[PDB]
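Each chain, written out:
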Amino acid sequence: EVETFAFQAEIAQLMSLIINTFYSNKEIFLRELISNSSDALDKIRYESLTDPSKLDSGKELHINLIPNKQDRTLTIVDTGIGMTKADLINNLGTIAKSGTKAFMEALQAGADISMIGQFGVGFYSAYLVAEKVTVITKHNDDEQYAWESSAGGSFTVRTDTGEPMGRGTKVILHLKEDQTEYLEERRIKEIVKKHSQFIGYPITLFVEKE
Ligand SMILES: COc1c(C)cnc(Cn2cc(C#CCC(C)(C)O)c3c(Cl)nc(N)nc32)c1C
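Residues numbered from 1 in each chain as written, not as in the entry; some residues may be left out. Heavy atoms only, no water. Residues with missing side-chain atoms left out of burial classes, pairs and counts.

Per the PDB record, this model was obtained through X-ray crystallography at a reported resolution of 1.75 Å.

Written out as structure tokens, the structure reads:
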């Protein structure tokens, strides 16, 4: 079964701002998602120092970038710590409230959208380029879940029945029709080299069969 939830009011306002503001420097979404993956890998690495069994669900710590021109999706996969159901439904929205309000204040004061990551809400920059985001995630302590939202004020959570993941997070960006440049190899490489050169995990860009 699928459960449908309302976003916290401030996050709903932030998403509406990101979708309807004219902002041409959209490539920053990819930096923010890679940064999130790097942080998630740090966290499971740290936990495994005192309990190595935490890596039973997968010892490789990496980030994969998978463009798909046929479905018009860009998928960012990491083998980091992942998210529990309580993270997806309550915790991430609750902790984001303060930074969201701070970010919207700064924006009016003079900040621009590229500072979004400094307020801890970089994930939502995905909606600069995507009309829908699907997040598949598996934490050691919980089941595999699929989160989805097309904005519009709500999100869904279901237990995922697709292929098991072991551990980590898969962010699937369903790209807007006019944002297909982020499916091009040359463009993804340009962005990673510019914004992400000092990430401490291997980033593999998959090539498309064509
Ligand atoms: C469900 O969609 C999201 C929403 C609504 C908000 N933010 C994020 C960003 N985000 C957050 C991650 C986390 C966590 C909990 C801990 C304690 C690990 O920080 C987290 C984690 Cl663990 N991994 C990744 N790749 N992204 C994460 C996402 C993916």
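Having seen it, we continue.
Student: Where do I start with the site of the ligand in this structure?
Tutor: For the ligand, the set of nearby residues contains 16 residues, the closest of which are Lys43, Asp78, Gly82, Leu88 and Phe123. Between the ligand and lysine 43, the relevant distance is 3.4 Å, taken from an oxygen atom to a side-chain nitrogen or oxygen of the residue. One of the side-chain nitrogen or oxygen atoms of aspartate 78 is found 2.9 Å away from a nitrogen atom of the ligand. Starting from 620 Å² of accessible surface for the ligand in isolation, the protein chains cover 80%. Elements that contribute at least two residues to the shell around the ligand include exactly helix 2 (28-50) and helix 3 (85-109). Here the shell around the ligand gets 4 residues from one element, more than from any other, and that element is helix 2. (Near = heavy atom within 4 Å. Polar contact = N/O pair within 3.5 Å; in protein donor to acceptor, adjacent residues only side chain to side chain. Areas by Shrake-Rupley, 256 points an atom, 1.4 Å probe, with all protein chains shown as cover. Helix = DSSP H or I, 4+ residues; strand = E, 2+ residues; numbered from the N terminus.)

Student: Just checking my understanding: could you explain the sheet that holds strand 8 (residues 203-205) for this structure?
Tutor: Sheets are built from strands that pair by backbone hydrogen bonding, the pairs being arranged parallel or antiparallel. Ordered by their spatial adjacency, 8 strands build an open sheet running 1-6-5-4-7-3-2-8, and the pairing between neighbours is mixed. The two strands at the open ends of the sheet, each matched to only one other strand, are strand 1 (3-6) and strand 8. This sheet shows a mean twist of 15 degrees between the axes of neighbouring strands, independent of strand direction. In terms of strand pairing, strand 4 (residues 130-138) meets strand 7 (residues 168-175) through 8 bridges, oriented antiparallel. The partner of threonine 137 across the bridge, within strand 7, is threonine 169. In the packing of helix 2 onto the sheet, the strands contacted are strand 2 (63-68), strand 3 (73-78), strand 7 and strand 8, and the crossing angle to strand 3 comes to about 20 degrees. Those strands touched by helix 3 are strand 1, strand 4, strand 5 (144-149) and strand 6 (154-159), and its axis lies near 160 degrees from that of strand 6. (Pairing = 2+ DSSP bridges. Axes fitted to C-alpha atoms, helices over the stretch in contact; angles between N-to-C directions. Contact = heavy atoms within 4.5 Å.)

Student: Help me understand the packing of aromatic side chains, please; the structure alone is not making it clear to me.
Tutor: Note on aromatic pairs: each is described by the distance of the centres and the angle between the planes. For the structure on display, the rule yields 8 aromatic pairs. Taking 5.0 Å as the distance between ring centres and 50 degrees as the angle between the ring planes, the aromatic pair formed by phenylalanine 7 and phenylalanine 155 counts as tilted. Placement of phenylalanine 7 in the loop between strand 1 and helix 1 (9-20) and of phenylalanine 155 in strand 6 is noted, with a sequence separation of 148 residues between them. Of the two residues, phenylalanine 7 and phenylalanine 155, neither departs from the other in class, the shared state being buried. Taking 5.8 Å as the distance between ring centres and 80 degrees as the angle between the ring planes, the aromatic pair formed by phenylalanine 123 and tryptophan 147 counts as edge-to-face. Of this pair, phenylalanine 123 sits in the loop between helix 3 and strand 4 while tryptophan 147 sits in strand 5, placing them 24 residues apart in sequence. (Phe/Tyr/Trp six-rings, centres within 6.5 Å; stacked < 30°, edge-to-face > 60°. Buried < 20%, exposed > 50% of the residue type's maximum accessible area, 1.4 Å probe, protein only.)

Student: Looking at this model, I keep getting lost on the side chain of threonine 137. Mind explaining?
Tutor: With respect to the element layout, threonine 137 can be found in strand 4. Its relative accessible area of 0% is what places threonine 137 among the buried residues. Not counting residues up to four positions away in its chain, the partners in contact with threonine 137 are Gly82, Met83, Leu88, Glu143, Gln144, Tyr145, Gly168 and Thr169.

Student: Explain the pairing of strand 6 here, please?
Tutor: Consecutive residues of a regular strand have side chains that alternate between opposite faces of the sheet. Of the strand pairs in this sheet, strand 1 and strand 6 are connected by 4 bridges, and their pairing is antiparallel. Residue pairing in the sheet places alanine 6 in a bridge with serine 154 of strand 6. The pairing of strand 5 with strand 6 spans 4 bridges and is antiparallel. Each residue of the ladder has a partner; that of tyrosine 145, found in strand 6, is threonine 159. In textbook terms, the turn of a hairpin is the stretch between consecutive antiparallel strands, and for strand 5 and strand 6 this stretch comprises 4 residues, one of which, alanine 151, has a positive phi near 70 degrees.

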